[PDB]
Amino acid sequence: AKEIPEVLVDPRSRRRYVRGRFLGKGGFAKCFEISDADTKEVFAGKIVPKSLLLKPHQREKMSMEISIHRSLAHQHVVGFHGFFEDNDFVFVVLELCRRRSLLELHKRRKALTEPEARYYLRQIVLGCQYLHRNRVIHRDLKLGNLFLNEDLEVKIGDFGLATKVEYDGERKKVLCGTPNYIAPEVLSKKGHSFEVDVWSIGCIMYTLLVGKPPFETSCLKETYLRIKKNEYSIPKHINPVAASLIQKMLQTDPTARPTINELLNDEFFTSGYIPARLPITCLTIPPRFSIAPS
């Protein structure tokens, strides 16, 4: 069976972590609230069995995820607070995001208000800007990897498909994994780089504003076909300024897309209301953004 220890001890740092509440599953890993024994601070513990890491290739993917994630420190990226292992498990200590992710928000609220979309997209773009200037491509930006802390701040997580650009102009030929919002250049296997993430943010923007993903079908391969043909439409109730930015990001040609550093200067952000924060009620009830209590 091989059960997870009730107390996770890091022998290098001499820190101990009591395994608290179960949070969920994702790939080979399980997620638990874990609490430092001395400071009582709580983290998300990502725990993956070494019994599912028997092949060197799977081991190397895990190592690479740690190597990338540990090098990152930004407000809109899931904090990496450490890692260690025993003979049976790999333990990664991550920033705890108590309000789950944008997937659970989307399932409850469907299409958000425009100001909410601006708020979230701004923080996603800021996180991705940081990744890209550090030559990191996430390659799997989706609603479920965009986690929310107690103040509804976005933190990009799951660097299991992420890769480092080692030299200028490098085109990655291989993506081992199946991204949700997969770019057309990946589907055709032509070569790809940072633009992959801008495509994904384009899909996220569409999903947040429209209430469903732009290329959704019954069959996943039929969906890949639609992405190849650029077969999507934006409903007419979507405001033209938002629709224009979606159209820029969802171009088949990767060079035609805007870069991540162009995005916040777009009219979608600069000409609209971006709230400084969102109340907790926004998880469940549309905000009207009233000027005063009545």
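Just count from 1 along the sequence shown to find any residue number.
Residue stretch of maximal mean CA temperature factor, 21-29 vs 272-280: According to the PDB entry, the answer is 21-29.
Between 85-93 and 206-214 (mean CA B-factor, as deposited), the higher: Between 206-214 and 85-93, it is 85-93 that shows the higher mean C-alpha B-factor.
Top residue by Cα temperature factor, when 229, 59, 257, 46 are compared in the entry: If I rank 229, 59, 257, 46 by C-alpha B-factor, first place goes to 229.
Peak C-alpha temperature factor (PDB record), options 75, 149, 145, 193: Largest recorded C-alpha B-factor: 75.
Cα B factor band for residue 233 (lowest, middle or highest third within the chain): Its C-alpha B-factor belongs to the highest third of this chain's values.
Assigned third (lowest, middle, highest) for the C-alpha B factor of residue 104: Answer is highest: the recorded C-alpha B-factor places it there.
Residue 188 by Cα B-factor - lowest, middle or highest third of the modelled chain: Within its chain, residue 188 is a middle-third residue by C-alpha B-factor, going by the deposited values.
Third of the chain's Cα B-factor distribution that residue 248 belongs to, per the entry: Its C-alpha B-factor belongs to the middle third of this chain's values.
CA B-factor ranking of residue 79, expressed as a third of its chain: For residue 79, whose C-alpha B-factor we compare with every modelled residue in the chain, the answer is the highest third.
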